[PDB]
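Taking the form deposited in one PDB entry, here's one chain by itself in structure tokens.
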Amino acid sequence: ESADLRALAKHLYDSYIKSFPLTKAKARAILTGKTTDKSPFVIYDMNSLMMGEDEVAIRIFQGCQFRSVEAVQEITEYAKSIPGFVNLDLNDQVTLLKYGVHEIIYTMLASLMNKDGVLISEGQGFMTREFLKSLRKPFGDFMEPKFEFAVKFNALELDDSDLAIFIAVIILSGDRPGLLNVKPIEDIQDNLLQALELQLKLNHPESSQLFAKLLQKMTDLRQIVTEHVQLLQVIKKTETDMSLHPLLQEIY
């Protein structure tokens, strides 16, 4: 009877694996687990940064939201793969992606983090956490709360099959402000929540109550997304430039 739950599960797993080049399996088999393919370049301080492409803190935060925008296209193509999603009202598809993209970015940035730093480029760099903390004062405490979140989150040791379904759950919320038709949204989340329970039950047979521990991390995602959006304040009081980046501004 619960066959579609196992089915939807690898439906989502397959889209996940198409939509996202760097899988968690791949990322962690490069970070901690001695990969071998070709150790990524490491950035530990101010001069290893200089000549990695081979001011500092501004262009590093910029670079981050450059990639955040690539990500959104990856996530948007995923959402559209979730059964029921495109059949929603089209405004609602947009409200769901608008309000849920940050949460998914920070869930998946966990996959590329360990306690000592984060994979850069796509697994071809690694920027140490200790270097990031030694950035200027607007930027020295931005990436820190995400590491703090990641180590907790990875302790759950989910893989990509788990994350595939979890990501779909975040999108199909039902409490985003400005939704015109919540029921098809909440009825889909229901089927997703149920496939995720199953998946966690059989892929993590003796990690009891992982479902519950995972749902309550959605609490800490939103605190993170909140404090992140609030940090975007510096933008107003920064070394705001002159005309050299117009188009780019509204690109972001």
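If you superpose the two forms and keep the largest set of C-alpha atoms that fall within 1.5 Å, you have the rigid core. Residues that one form lacks are left out of the comparison. The first residue of the sequence shown is number 1, and the count goes up from there.
In the deposited sequence, the stretch from residue 54 to residue 55 hides 10 or more residues that have no coordinates.
Just going by the entry, 127-135 versus 163-171 on mean CA temperature factor gives the higher value to 127-135. Look at the C-alpha B-factors of 221-229 and of 31-39. On average they run higher in 31-39. Remark: of 84, 140, 100, 117, 140 shows the highest value [criterion: C-alpha B-factor in the PDB entry]. Set against one another, the Cα B-factors of 188, 69, 50, 210 in the record reach their highest point at 50. For residue 214, the recorded CA B-factor ranks within the lowest third of the chain. Only modelled residues enter the ranking. Residue 193: CA B factor lies in the lowest third for its chain, per the PDB record. Compared with the other modelled residues of the chain, the Cα B-factor recorded for residue 157 ranks in the middle third. In the PDB entry, a CA B factor belonging to the lowest third of its chain's modelled residues is recorded for residue 74. Annotation for residue 234: CA B-factor lies in the highest third of the chain's modelled residues.
From this point on, the text means the form solved in complex with a small molecule, which you will not see here.
Contact with the small molecule in the deposited complex, defined as a heavy atom within 4.5 Å, holds for exactly one of 170, 118, 179, 82, namely 118. When contacts are judged by a 4.5 Å heavy atom cut-off, residue 10 does not count as touching the small molecule in the deposited complex. Mapping the unseen interface onto this chain, residue 63 counts among the residues with a heavy atom inside 4.5 Å of the small molecule in the deposited complex.
Interface residue remark: residue 166 is not counted as part of the site for the small molecule in the deposited complex, having no heavy atom within 4.5 Å. The closest non-hydrogen atom of residue 35 lies beyond 4.5 Å of the small molecule in the deposited complex. In a core superposition between this form and the one not shown, the Cα of 36 is the only one among 223, 209, 36, 47 shifting by 2 Å or more. Fitting the two forms on the rigid core leaves the C-alpha of residue 14 displaced by under 2 angstroms between this form and the one not shown. With the core held fixed, the Cα of residue 232 is displaced between this form and the one not shown by less than 2 Å. The gap between the Cα atoms of residue 156 and residue 33 is larger in the deposited complex, by no less than 3 Å, than in this form. Distance between the C-alpha atoms of residue 158 and residue 33: longer in the deposited complex than here (change of 3 Å or more). Listed in sequence order, the shifted runs between this form and the one not shown are 32-37, 234-239, 241-252, counting only residues present in both forms whose C-alphas move 2 Å or more over at least three consecutive positions once the core is aligned.
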